[PDB]
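Quick notes on the structure that follows.
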Amino acid sequence: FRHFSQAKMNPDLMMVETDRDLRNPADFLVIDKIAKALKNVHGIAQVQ
Amino acid sequence: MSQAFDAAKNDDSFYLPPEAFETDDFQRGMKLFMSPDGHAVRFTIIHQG
Amino acid sequence: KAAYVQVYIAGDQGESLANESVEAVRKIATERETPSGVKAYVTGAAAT
Amino acid sequence: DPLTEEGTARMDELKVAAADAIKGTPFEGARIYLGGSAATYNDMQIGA
């Protein structure tokens with residue numbers, strides 16, 4: 001806590017599971033959309 | 001315009017070209033955030049306060 | 001001046017195996033010959 | 001009419017919206033000040 005913030009020591013984890021491979025740009029667009037949606041929730045600092 | 005959109009950390013739009021998927025940096029990244037068969041992706045969420 | 005890493009230990013939080021794992025991780029982290037001025041601490045929910 | 005009970009209830013929403021717009025940008029650490037007739041009467045109601 002002298003350097004970081006308190007929230008970085010207890011992070012959350014979310015997983016989205018599909019049935020097809022997601023390593024293409026078309027799915028990366030949807031992944032970025034989900035990341036922005038999660039970040040816009042009130043009380044969330046950052047999503048990586 | 002490019003410098004301004006980079007400095008402001010704007011995120012209204014996003015696109016990653018197919019060529020970037022072959023670089024070593026994203027080859028390592030996809031083994032850090034996606035499953036070995038590529039069917040799932042994990043997000044890390046950090047609160048405020 | 002600080003950095004952190006996340007480690008997954010055997011056993012679930014509260015169980016005796018988890019406590020043993022936390023002790024082992026602490027021992028491994030502290031037994032090292034650290035560079036001058038650098039100290040390592042094990043924290044988190046399971047440690048608590 | 002901004003000088004009603006509906007008008008004075010929008011003050012917190014504006015501050016929340018601005019603080020969320022700043023989040024994640026180089027503007028982080030900025031200070032937000034809100035004033036006007038509606039804010040004045042919101043404070044008046046709390047005091048009353």
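Going through the structure tokens in order, the chains are called A, B, and so on, while each chain numbers its residues from 1 and the ligands are numbered from 1 in the order shown.
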
Exercise. Leaving out residue 18 of chain B and any residue of its chain fewer than 2 positions from it, which residues lie within 9 Å of it when counting only C-alpha atoms, given as a VMD selection string?
Worked result: (chain A and resid 24 to 25) or (chain B and resid 16 20 to 22)

For this session: Identify, with DSSP run on backbone atoms, the residues in chain D assigned to helix (DSSP H, G or I), and express the list as number ranges by chain.
Result: D: 5-8, 10-22, 37-47

Problem set entry | Separation of atom CA of residue 3 of chain A from atom CA of residue 1 of chain C in Å |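 One can read the atom CA of residue 1 of chain C to atom CA of residue 3 of chain A distance as 7.7 Å.
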
For this session: Select all residues from chain D having any atom no more than 12 Å from an atom of chain B (counting only C-alpha atoms, ignoring ligands), output as a list in words.
Result: residues 20, 21, 22, 23, 24, 25, 26, 27 and 28 of chain D

Any chance you could tabulate, as a Markdown table, the residues of chain A at most 8 Å from chain D with each one's nearest atom pair and distance in Å to one decimal, using only C-alpha atoms, in chain and rising number order?
| residue | atom | partner | partner_atom | distance |
| --- | --- | --- | --- | --- |
| A:40 | CA | D:20 | CA | 7.8 |
| A:42 | CA | D:20 | CA | 7.4 |
| A:45 | CA | D:23 | CA | 7.3 |
| A:46 | CA | D:24 | CA | 7.3 |

What are the closest atom pairs, with distances in Å to one decimal, for each residue of chain C lying within 10 Å of chain A, using only C-alpha atoms, rows by chain and rising residue number, as a Markdown table?
| residue | atom | partner | partner_atom | distance |
| --- | --- | --- | --- | --- |
| C:1 | CA | A:3 | CA | 7.7 |
| C:2 | CA | A:3 | CA | 6.7 |
| C:3 | CA | A:4 | CA | 8.9 |
| C:4 | CA | A:9 | CA | 8.8 |
| C:5 | CA | A:9 | CA | 9.8 |
| C:6 | CA | A:9 | CA | 9.1 |
| C:43 | CA | A:9 | CA | 8.1 |
| C:44 | CA | A:9 | CA | 6.5 |
| C:45 | CA | A:10 | CA | 7.5 |

Problem set entry | Interface, chain B side, toward chain A (7 Å; only C-alpha atoms) as a PyMOL selection string | chain B and resi 14-18+37-49

Print the selection's residues with N, CA and C atoms to a file, as a compact mmCIF listing (two decimals), in the first residue's frame.
# COMPACT_ATOMS: atom_id res chain seq x y z
N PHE B 14 -11.26 0.46 -32.24
CA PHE B 14 -10.18 -0.50 -32.06
C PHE B 14 -10.11 -1.40 -33.28
N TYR B 15 -8.89 -1.74 -33.70
CA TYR B 15 -8.69 -2.71 -34.76
C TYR B 15 -7.25 -3.19 -34.74
N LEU B 16 -7.06 -4.50 -34.81
CA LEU B 16 -5.73 -5.11 -34.83
C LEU B 16 -5.55 -5.88 -36.13
N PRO B 17 -4.60 -5.51 -36.98
CA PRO B 17 -4.49 -6.16 -38.28
C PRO B 17 -4.06 -7.61 -38.14
N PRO B 18 -4.36 -8.45 -39.12
CA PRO B 18 -3.96 -9.86 -39.03
C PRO B 18 -2.47 -10.06 -38.92
N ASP B 37 -6.34 -23.94 -26.72
CA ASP B 37 -7.09 -24.14 -27.95
C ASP B 37 -7.80 -22.87 -28.41
N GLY B 38 -7.67 -21.77 -27.68
CA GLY B 38 -8.22 -20.51 -28.12
C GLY B 38 -9.72 -20.38 -28.00
N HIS B 39 -10.35 -21.20 -27.17
CA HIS B 39 -11.80 -21.15 -27.01
C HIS B 39 -12.25 -20.23 -25.89
N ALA B 40 -11.34 -19.69 -25.09
CA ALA B 40 -11.71 -18.87 -23.95
C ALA B 40 -10.69 -17.77 -23.75
N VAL B 41 -11.13 -16.69 -23.10
CA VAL B 41 -10.30 -15.54 -22.80
C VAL B 41 -10.63 -15.07 -21.39
N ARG B 42 -9.60 -14.70 -20.63
CA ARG B 42 -9.77 -14.27 -19.24
C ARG B 42 -9.51 -12.78 -19.11
N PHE B 43 -10.29 -12.12 -18.26
CA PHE B 43 -10.17 -10.70 -17.99
C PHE B 43 -9.75 -10.50 -16.54
N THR B 44 -8.90 -9.51 -16.29
CA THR B 44 -8.53 -9.13 -14.93
C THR B 44 -9.17 -7.78 -14.62
N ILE B 45 -9.88 -7.71 -13.50
CA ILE B 45 -10.67 -6.54 -13.13
C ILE B 45 -10.18 -6.01 -11.80
N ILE B 46 -9.98 -4.69 -11.72
CA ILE B 46 -9.45 -4.04 -10.52
C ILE B 46 -10.42 -2.95 -10.10
N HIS B 47 -10.78 -2.94 -8.82
CA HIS B 47 -11.78 -2.02 -8.29
C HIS B 47 -11.17 -0.66 -7.99
N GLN B 48 -12.01 0.24 -7.48
CA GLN B 48 -11.58 1.52 -6.95
C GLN B 48 -11.78 1.53 -5.45
N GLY B 49 -10.78 1.99 -4.71
CA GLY B 49 -10.85 1.98 -3.27
C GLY B 49 -10.61 0.60 -2.69
